[PDB]
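Next up is one chain by itself, shown in structure tokens, the form deposited in one PDB entry.
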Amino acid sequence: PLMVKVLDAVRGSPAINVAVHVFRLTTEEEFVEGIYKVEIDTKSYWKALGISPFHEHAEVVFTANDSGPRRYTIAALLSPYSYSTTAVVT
């Protein structure tokens, strides 16, 4: 008799982020990966190269210059607000 009651009665004015889950090489099975996922300026360079990517003779030069003027200005991230003044000014 599984019973999940979430947020039954809401008279007011809220700001909500609900997530209700009810259950009864690289291999992934039977999962929930990302629901509210925020990835900002994420980088992956060499992921899951194949079987024997450099088998016998390899002269590999891996230079990774992460070098830049960047400006991430997020006034409210994954954050609800009922009554508020959210501002980014310059």
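The term rigid core refers to the most C-alpha atoms you can superpose between the two forms while keeping them within 1.5 Å. The first residue of the shown sequence is 1; numbering continues from there.
Participant: Taking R24 and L25 as adjacent modelled residues, how many residues of the deposited sequence between them have no coordinates (none, 1 to 3, 4 to 9, 10 or more)?
Facilitator: The entry has 10 or more unmodelled residues between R24 and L25.
This next part talks about the form deposited in another entry, which is not shown.
Participant: Aligning on the rigid core, do we see the C-alpha of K47 shift 2 angstroms or more between this form and the one not shown?
Facilitator: Result for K47: yes, a 2 Å-plus shift.
Participant: Superposing on the rigid core, is the Cα displacement of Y36 between this form and the one not shown 2 Å or more?
Facilitator: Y36: C-alpha displaced by less than 2 Å between this form and the one not shown.
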